[PDB]
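Take a look at the letters that make up each chain.
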Number of protein chains: 2
Amino acid sequence: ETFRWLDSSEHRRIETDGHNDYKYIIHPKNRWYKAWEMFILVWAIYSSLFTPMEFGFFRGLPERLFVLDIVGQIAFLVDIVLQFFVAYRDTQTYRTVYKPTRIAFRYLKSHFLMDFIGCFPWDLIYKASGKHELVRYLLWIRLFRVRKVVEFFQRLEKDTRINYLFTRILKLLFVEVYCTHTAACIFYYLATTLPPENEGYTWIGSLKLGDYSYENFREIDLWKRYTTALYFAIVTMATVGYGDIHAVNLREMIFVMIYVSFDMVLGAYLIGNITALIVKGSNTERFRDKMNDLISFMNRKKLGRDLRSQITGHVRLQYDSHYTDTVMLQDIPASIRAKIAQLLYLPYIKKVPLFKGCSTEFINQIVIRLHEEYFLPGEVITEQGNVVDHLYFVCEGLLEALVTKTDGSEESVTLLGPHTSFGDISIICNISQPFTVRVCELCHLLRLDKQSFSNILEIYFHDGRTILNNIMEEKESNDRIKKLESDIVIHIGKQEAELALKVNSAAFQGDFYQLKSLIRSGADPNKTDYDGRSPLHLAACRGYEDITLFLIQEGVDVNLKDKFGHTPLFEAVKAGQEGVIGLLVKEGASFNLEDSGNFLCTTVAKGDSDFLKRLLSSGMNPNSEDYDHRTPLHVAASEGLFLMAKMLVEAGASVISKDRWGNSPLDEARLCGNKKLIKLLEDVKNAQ
Amino acid sequence: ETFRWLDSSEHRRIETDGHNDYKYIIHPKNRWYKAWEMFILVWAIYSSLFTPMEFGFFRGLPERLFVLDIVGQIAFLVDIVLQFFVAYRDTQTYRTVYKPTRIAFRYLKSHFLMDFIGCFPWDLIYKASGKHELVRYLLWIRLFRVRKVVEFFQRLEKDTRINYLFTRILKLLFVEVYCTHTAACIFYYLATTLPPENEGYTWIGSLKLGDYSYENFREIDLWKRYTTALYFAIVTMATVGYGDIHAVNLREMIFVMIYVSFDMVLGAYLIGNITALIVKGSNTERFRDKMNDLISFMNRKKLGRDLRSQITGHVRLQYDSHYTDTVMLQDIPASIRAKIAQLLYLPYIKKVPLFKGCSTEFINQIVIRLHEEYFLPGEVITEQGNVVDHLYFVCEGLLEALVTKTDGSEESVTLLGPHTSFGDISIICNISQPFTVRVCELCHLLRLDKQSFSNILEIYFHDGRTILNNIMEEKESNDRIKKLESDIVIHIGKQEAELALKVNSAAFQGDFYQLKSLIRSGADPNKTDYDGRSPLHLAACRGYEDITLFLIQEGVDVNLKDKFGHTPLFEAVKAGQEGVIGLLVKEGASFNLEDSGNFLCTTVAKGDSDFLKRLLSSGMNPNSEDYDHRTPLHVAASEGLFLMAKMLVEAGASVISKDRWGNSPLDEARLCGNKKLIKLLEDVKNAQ
Ligand SMILES: [K+]
Ligand SMILES: [K+]
């Protein structure tokens, strides 16, 4: 869809069209060609100012000024053939065309014939062809050399160093003059169009200024006639109009009626462009607008006389110096603002002594969430005895940490220069701010919030431990005030003591994404502290999964005996459950449990056919016994209990096995009737 | 808090302070104080225009124009004594003070002396005082009668029919002139401050225009002198300046330097205010800068040509006629916009034949959600075979319902004039749109979306049934074309049984508020559904117990048997909920099953110790026998299940109750078991 936007994308394709072939076609940014563009601009300015002066004030040029306009035509005849070898920075397909058939074309159907007619000698042709008046009107073709001046004001309007509404004013002020030069030349020419005997019916032949009479006006010096005509044209253009010089003919009345009608529109356009420049306000009135919007809300909220002088100081600081333009920056998205922040703040954050060699992603997460702030001298930022809500890094300036003993004894603890941080020994700790950080010189602090430097400090636990090691590998803070806190927060175990607990709570709640974000960054253990549990002992069974993917990941060790003697098969089968005990047994789960016979006798005694069939179905041999070496059939034949020893004996258990009293389950079952389990034991007994 | 809000508040308390006492004080907005505020306005205009003409052009008035300035002074002394009997609106409050001591004061410390010493006859005590030309400078105090005109231009920006910026240029055009009348008068006066022998060194005494020499200028008539001076002052004010009349003295040079310096900033202020009038632009360029924003997005999206006319026909219906300023409506809050909608739209919706006999709160609930729309003729709105998504109410204009059957031709089945809403029978009779409703005259449709006219229809179900039974059934409601469909609108399945389903549905998961609202809007008479269930059936135990209070519910009859034979306590015993089976004994709490003995006889065979304890602890009569005259204890002894026959025999059951065989449970236990249950039922056999 880049064919739709060829301007927003594909801006500078440079590679495959610089030196295709022909080795001659100059790119229109060459330093040897832009030294010719100014030369032809000076020649075009001269040749457009002299052309109405050649038309109006002469009838054929004299014998002097002949080599001058000969070389003036030569310096443009060079530029005529030089534009066949200049490229074609294009409009729609944004690439400089080098093809010298699209250079000969796009020029021959453009400003060539108006620029080739204007290099014929029109005052040798005039003096050769019988001195005809209408062949001297072809000098006016040479006013097409104001293209080189209007192209200069188009290469200046797209120059961002100068405001475009100021280049429009300069363009209108170059249109205002040279329309008074040309009007002066035409106003003198309309006096030369009458014969010298009718010179008393002209604007200049009938002129008398002071004691000087302008009679026989073709014999006055050229710079008196030109200054007289230009004085008329400029006091007419400015609409002063003294009337010492005025139109007398009808051909001068018509020209003045055209010329003041042009200058009225031109002066109204100049006033409009100047007003449009001024309504785009300056720095001082954009300061004073929000300053009077902030004096109110400081007069009706009744803020104190010191907080008012701090607010006015910061408003006068964001204007008049230090143009912090984040309010313009907020249109830029978060990725490009993060790239700007990694360009601007990484030279300052990487030299902070708190971050002695952390990971680059952690410093990236720091510099993503930074803010620039400026404070005047005398400000208090964090005072002693309050909670720390922001972490500050001094980019440049000079700060001062102080402390008081009893009576306001403000002694200089340290002087926080550039590449220093304060508020760092209380976000790590949970204590008050220990120092009144006061400002000495105009500073440029970088502010990080407390909650950001808890989230990115608990996520990046290796770098957090590195930060705590940077804090303790010091003089143990006796450089400041010897406020030693234990050894900070000491090594607090986030390797195994809390991270195994964190991944186990992630398995218990059933969060698969938190589980795999923890274990895919390494650190998958098989043990919890404070117990013998595992991320298989929790999730898999007791929780019974939440999330079916909790068993496939990494193949963790099954049959791990915990602190209470429970394998994860036993935890999966106690809560009953029927997916993990169907799924764990193919992974090699086992029912290892000490005194399993006594446990089976207690589950006979309570009475739970579902629990005991899940024990036997998931793998259990009911010939293991207790302290009196009694099989579960020996207790399932004690209190009657049919249908409980049936599911035992279909799972496989012999009848002939004695006890402390020397009784088998045969005659132990001979306390109840014939159907009551004695037929069952005898026909599973004599079946082999 | 409200004392800050003084003039932005209630502000209408003049009623108590109107005529306390003092019996003379005229209210400012009287009618006889508006035949004075224009009479002496056109007296103040005359006296303010004549005062520089009396000063400049005369050296004392003639014997005529004597009664004129006599009555001109006595009219202003009539005003100077009539301003003592006029109340005034206070500045900081908004109450008209009527106290005739704060009328004499606030006036005497204000413009009273400048309106009293400009009321002495300054021509009578000039000519009768040994005439000195410095008691004629006290005529200029009568230019404090321009207070009336600037008060008229202060009581004109309070009006709302004209713009406040057009009044600020009309005030400037009254300041532009009369600063040329005063300048003409005190430009002629500076010519009369020279002696008549030095009259050739003035602007008028040395003047010669045409062939008329202005010599001995004190004997020319008054209007030639005034027109000459005013012509100079007006061609100077406009900065034209012909120079036929110019300053000659030094006092006239000084006055012209003051005057053109004043008129320069006055003309710049006029140009600025006229520009500010045009920056707040007109509607014919508020349309053109909106429509060229709609030329793109109709070219960059490549729309059709009938849609590009349908779009642009609605933006010259927004602007250029029918000024719908609803974008200026949405900053008004939703309560006040609801009151606006109740004021405007309610006579339109009250006359729609859809709503004949609806409740007032229903009509108030649909007029909040309306929208105004305008359509040009020829447009279709809802075509045939399309899903309806809006409901339309016609205000004015004329629509046309059209339907096409086979050949593409349409027939005018109904002309929809005002109060002839359409789009109604495709939401109640929930089918596709059956017509192609086309605009034949510029209309004012009121749009309600389909989703709101489902929610307000289902909430107000009585008004919904009222809508779908009164809908032109007296005039065969398919009265556009035939529309052969059996039972279109007459109770197609929404009845007074479905709210019982809604109570049962909300009760099944438990809500405490939807069933409470449905029994407040309706009732709880234990209405049922197909299976004979109840809210006591579902809310208690089918869906498991949500609140304990679901079983009381202001008094519900317990033991309501459904079609299956289940009671709401049998649902408890099958479900569990020992707190619910503790609560249900408060009511009658019977367990009437016909095969209750067979149900106990099969629950001793399935095998249940907890379910049987919930059966017997709630009251079950645990010796009732099945078809074979077998008790529950009969089967519990024949199968020989210990711990279940115990639970039967402590709950009260006869142990010698025989069966169809005549076989007691005594010898049934002896044939089944050698345990023989002798400390279980033989000891309760010999208990009697
Ligand atoms: K002007
Ligand atoms: K002028």
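Counting starts from 1 on each chain and follows the sequence as written, independent of the entry's numbering; residues without coordinates are not shown. For naming, the first written chain is A and the first written ligand is 1, with later ones following in the order written. In this entry, the chains presented are a subset of a larger assembly, and the associated values cover only that subset. Where side-chain values are given, they derive from all heavy atoms of the structure, hydrogens and water being excluded. Residues with missing side-chain atoms are left out of burial classes, side-chain pairs and their counts.

- As summarised from the PDB record, the model derives from cryo-EM at a stated resolution of 3.00 Å.

## Side note on the overall build of chain A
Here is step 1: Working definition: helices are DSSP H or I runs of at least four residues, strands are E runs of at least two. Numbering for both runs from the N terminus. A count of helices and strands for chain A gives 28 helices and nine strands.
Here is step 2: Radius of gyration here is computed from C-alpha atoms only, and the compact-globule reference equals 2.2 Å multiplied by the residue count raised to the power 0.38. Taking 2.2 N^0.38 as the reference for a compact globule, 688 residues should give roughly 26 Å; the C-alpha atoms of chain A span a radius of gyration of 49 Å, well beyond that estimate.
Here is step 3: When its C-alpha atoms are laid out on the principal axes, chain A stretches across 165 × 80 × 45 Å.
Here is step 4: A fraction of 69% describes how many contacts in chain A between residues 6 or more apart in sequence connect residues 24 or more apart. Contacts: residue pairs with any heavy atoms within 4.5 Å of one another.

## Description of the relation of the copies chain B and chain A
Here is step 1: Copies share a common frame after least-squares superposition on their C-alpha atoms. When chain B is fitted to chain A, the best match, at an RMSD of 2.2 Å, comes from turning it 179° and sliding it 0.3 Å along the axis. The symmetry that links the two subunits is that of a two-fold axis. By C-alpha distance to the rotation axis, the residue of chain B lying nearest is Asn674 of chain B, at 0.5 Å.

## Describing the coordination of the potassium ion (ligand 2)
Here is step 1: For the potassium ion (ligand 2), the full set of protein donor atoms is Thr239 of chain A (O), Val240 of chain A (O), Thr239 of chain B (O) and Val240 of chain B (O), and the range of their distances to it is 2.9 to 3.0 Å. Linking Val240 of chain A in the loop between α8 (222-237) and α9 (250-279) with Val240 of chain B in the loop between α7 (222-237) and α8 (251-279), this pair reaches from one chain into another.
Here is step 2: Any residue under 20% of the maximum accessible area for its type is buried, any over 50% is exposed, and the rest in between are partly exposed; the area is computed with a 1.4 Å probe on protein chains only. By relative accessible area, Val240 of chain A is classed as partly exposed at 41%. Listed donors are limited to N, O and S atoms within 2.8 Å of the metal, widened to 3.2 Å for Na, K and Ca; water is not among them, so incomplete-looking sites are possible.

## A word on a nonpolar patch on the surface
Residues and elements named next belong to chain A.
Here is step 1: Surface patches are drawn from residues lacking salt bridges whose relative accessible area is over 30%; two like charges belong together within 9 Å, two nonpolar side chains (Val, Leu, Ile, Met, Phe, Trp, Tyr) within 5 Å. Accessibility throughout is a Shrake-Rupley quantity obtained with a 1.4 Å probe, and a residue counts as covered only by protein chains that appear here. Here a salt bridge means any side-chain nitrogen of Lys or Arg lying within 4 Å of a carboxyl oxygen belonging to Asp or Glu. Residues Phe66, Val67, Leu68, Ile70, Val71, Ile74, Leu77, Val78, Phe116, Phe120 and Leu124 make up a contiguous nonpolar surface patch of about 880 Å² in total accessible area.
Here is step 2: Of the residues forming the nonpolar patch, the biggest block, eight residues, is contributed by helix α2 (residues 66-82).
Here is step 3: Position of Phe66 among the secondary structure elements: in helix α2.

## Topic: the interface of chain B and chain A
Here is step 1: In this assembly, 10 residues from chain B lie in contact with nine residues from chain A.
Here is step 2: Both sides together, the interface formed by chain B and chain A hides about 890 Å², and carbon and sulfur atoms give 44% of it.
Here is step 3: Where chain B packs against chain A, one counts one salt bridge.
Here is step 4: Linking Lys675 of chain A and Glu639 of chain B is a salt bridge whose minimum nitrogen-to-oxygen distance equals 4.0 Å. In short, buried area is how much 1.4 Å probe accessible area vanishes from two parts on joining, totalled over both.

## Re the environment of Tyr231 of chain A
Residues and elements named next belong to chain A.
Here is step 1: Mapped onto the secondary structure, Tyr231 falls in helix α8.
Here is step 2: Taking the C-alpha atoms as reference points, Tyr231 and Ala184, separated by 47 residues in sequence, lie 8.2 Å from one another.
Here is step 3: In contact with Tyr231, not counting residues within four places along its chain, are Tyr242, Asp244 and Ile245.

## Side note on the nonpolar core
Here is step 1: Nonpolar cores were defined as sets of buried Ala, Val, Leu, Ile, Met, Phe, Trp, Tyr and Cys residues, with membership established by side-chain atoms within 4.5 Å. Core analysis: the largest hydrophobic core is formed by 38 residues, its most contacted members being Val580, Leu584, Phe591, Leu612 and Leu648 of chain A.
Here is step 2: Elements represented by at least two residues in this core include exactly α20 (536-543), α21 (568-574), α22 (580-583), α23 (596-606), α24 (609-617), α25 (632-636), α26 (646-650) and α28 (674-685) of chain A.
Here is step 3: Excluding residues within four positions of it along the chain, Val580 of chain A makes contact with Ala540, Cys541, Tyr544, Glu545, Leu551 and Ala572 of chain A.
Here is step 4: Listed in part, the 37 residues of the second largest apolar core include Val556, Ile581, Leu593 and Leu648 of chain B.

## Quick word on the pattern of salt bridges
Residue and element names in this part refer to chain A.
Here is step 1: A full pass over the atoms with the stated rule returns 42 salt bridges over all chains.
Here is step 2: Residue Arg102 is joined to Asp90 by a salt bridge in which the shortest nitrogen-to-oxygen separation is 3.7 Å. Placement of the pair is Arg102 in the loop between α2 and α3 (113-116) and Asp90 in the loop between α2 and α3, with a sequence separation of 12 residues.
Here is step 3: Exposure remark for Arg102: the relative accessible area of 39% places this residue in the partly exposed category.
Here is step 4: The shortest N-O distance in the salt bridge between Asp115 and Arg147 comes to 3.1 Å.

## Looking at the sheet that holds strand β5 (residues 371-372) of chain B
All names here are of chain B.
Here is step 1: The pairing criterion for strands is at least two bridges between them, as found by DSSP. Across the sheet, which stays open at both edges, the three strands sit in the order β5-β11-β7 with antiparallel pairing between neighbours. Looking at the sheet topology across the chains shown, the edges are occupied by β5 and β7 (390-393).
Here is step 2: Pairing geometry for β7 and strand β11 (residues 446-449), over four bridges, is antiparallel. When the bridges of β11 are listed, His390 appears paired with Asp449.

## Points about the UniProt feature "transmembrane region" in chain A
Here is step 1: According to UniProt, the positions carrying the feature "transmembrane region" are residues 38-58, 66-86, 110-130, 137-157, 172-192 and 254-274 of chain A.
Here is step 2: Regarding residues 254-274 of chain A, the helix share stands at 100% and the strand share at 0%, and the terminal C-alpha atoms are separated by 30 Å. UniProt positions are given in the numbering used here, feature names are shortened, and annotations may be inferred rather than shown by experiment.

## Notes on the pairing of strand β5 (residues 398-403) of chain A
Residue and element names in this part refer to chain A.
Here is step 1: Most of β5 sits inside the fold, with five of its six residues counted as buried.
Here is step 2: As judged from the five bridges shared by β5 and strand β8 (residues 436-441), these two strands associate in the antiparallel manner. If you follow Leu398 over to β8, its bridge partner there is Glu441.
Here is step 3: The pairing of β5 with strand β6 (residues 411-414) spans three bridges and is classified as antiparallel. Bridging across to β6, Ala401 finds its partner in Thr414.

## So, α8 of chain B
All names here are of chain B.
Here is step 1: If you check α8, its first and last C-alpha atoms are 42 Å apart, about what 29 residues at 1.5 Å a residue would give, namely 42 Å.
Here is step 2: Taken as a whole, α8 has its buried residues at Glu252, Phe255, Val256, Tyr259, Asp263, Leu266, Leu270 and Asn273.
Here is step 3: Next to the buried residues of α8 lie α5 (164-176), α6 (181-188) and α7. Expected span of a helix, by definition, is 1.5 Å for each gap between consecutive residues, and there is one gap fewer than residues.

## Details of the pairing of strand β9 (residues 443-449) of chain A
Every regular strand shows the same layout, with side chains that alternate between the two sheet faces.
Residue and element names in this part refer to chain A.
Here is step 1: Buried residues dominate β9, accounting for six of its seven residues.
Here is step 2: Pairing geometry for strand β3 (residues 371-375) and β9, over five bridges, is antiparallel. When the sheet's bridge partners are listed, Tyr374 is paired in β9 with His444.

## As for the sheet that holds β5 of chain A
Within a sheet, each strand pairs with its neighbour through backbone hydrogen bonds, oriented either parallel or antiparallel.
Residues and elements named next belong to chain A.
Here is step 1: Pairing within the open sheet is antiparallel, and its three strands lie in the order β6-β5-β8. At either end of the open sheet lies a strand with only one pairing partner, and these are β6 and β8. Strand-to-strand twist across the sheet, computed as the mean angle between neighbouring axes with direction ignored, equals 50°. The axes are straight lines fitted to the C-alpha atoms, using for helices just the contacting stretch, and the angles between their N-to-C directions are given from 0 to 180°.

## Structural notes on the packing of aromatic side chains
Residue and element names in this part refer to chain A.
Here is step 1: Here is the rule: rings of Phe, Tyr and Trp (six-membered ring for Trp) pair when centre to centre is within 6.5 Å. Planes less than 30 degrees apart are stacked, more than 60 are edge-to-face, and the remainder are tilted. All told, the structure shown has 69 aromatic pairs over all chains when counted by the stated rule.
Here is step 2: Relative to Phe591, the ring of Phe570 lies with its centre 5.7 Å away and its plane at 70°, an arrangement referred to as edge-to-face. Of the two residues, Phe570 sits in helix α21 while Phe591 sits in the loop between α22 and α23, which places them 21 residues apart along the sequence. Here the two residues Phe570 and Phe591 agree in accessibility, since each one is buried.

## Quick notes on the packing of helix α22 (residues 596-606) of chain B against helix α24 (residues 632-639) of chain B
In a packed pair of helices, the relevant descriptors are the angle between the two axes and the axis-to-axis distance.
Residues and elements named next belong to chain B.
Here is step 1: As a packed pair, α22 and α24 sit with axes 8 Å apart at the nearest point and diverge in direction by 20°. Regarding the angle of α22 to α24, the classification is roughly parallel. Crossing handedness for the pair α22 and α24: right-handed. Only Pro632, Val635 and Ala636 of α24 make contact with α22, whose side of the interface consists of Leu600, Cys601 and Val604.
Here is step 2: Residue polarity is assigned by list, with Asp, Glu, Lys and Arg as charged and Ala, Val, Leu, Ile, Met, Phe, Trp, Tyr, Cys and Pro as nonpolar; anything else, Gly included, falls into the polar class. Looking at the contact of α22 with α24, its residues break down into six nonpolar, no polar and no charged. Here the angle decides the label: under 35 degrees means roughly parallel, over 145 means roughly antiparallel, 65 to 115 means roughly perpendicular, and every other value means oblique. Note on convention: the crossing is left-handed when the near helix lies turned anticlockwise from the far helix by less than a right angle, right-handed when the turn is clockwise.

## What to know about the side chain of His537 of chain A
All names here are of chain A.
Here is step 1: Tracing the sequence through the fold places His537 in helix α20.
Here is step 2: Judged by relative accessible area, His537 falls into the buried class, the value being 1%.
Here is step 3: For this analysis, a polar contact is any N or O atom pair within 3.5 Å, provided that within protein one partner can donate a hydrogen and the other can accept it, and provided that sequence-adjacent residues contribute only side-chain to side-chain pairs. Side-chain polar atoms of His537 contact the backbone oxygen of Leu560, separated by 3.0 Å.
Here is step 4: Not counting the four nearest positions on each side in its chain, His537 is found in contact with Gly532, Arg542, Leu560, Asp562, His566 and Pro568.

## Examining unusual backbone geometry
All names here are of chain A.
Here is step 1: The phi dihedral of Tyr22 falls on the positive side, at around 70°, and the residue is not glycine.
Here is step 2: Structurally, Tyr22 can be placed in the segment before α1 (34-56).
Here is step 3: Residue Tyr22 is classed as partly exposed on the basis of its relative accessible area, which comes to 36%.
Here is step 4: Although it is not a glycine, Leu643 adopts a positive phi angle of roughly 75°.
Here is step 5: Within the element layout of this structure, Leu643 appears in the loop between α25 and α26.

## Here we look at the state of the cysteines
Residue and element names in this part refer to chain A.
Here is step 1: Disulfide: a pair of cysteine sulfur atoms within 2.5 Å of each other. For the coordinates displayed, the defined rule picks out zero disulfides over all chains.
Here is step 2: Unpaired in this structure, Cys179 has its nearest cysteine sulfur neighbour in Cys185, at a distance of 12 Å.
Here is step 3: With no disulfide of its own, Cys429 lies closest to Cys358 among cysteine sulfurs, the gap being 17 Å.
Here is step 4: The class for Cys429 is buried, based on a relative accessible area of 4%.

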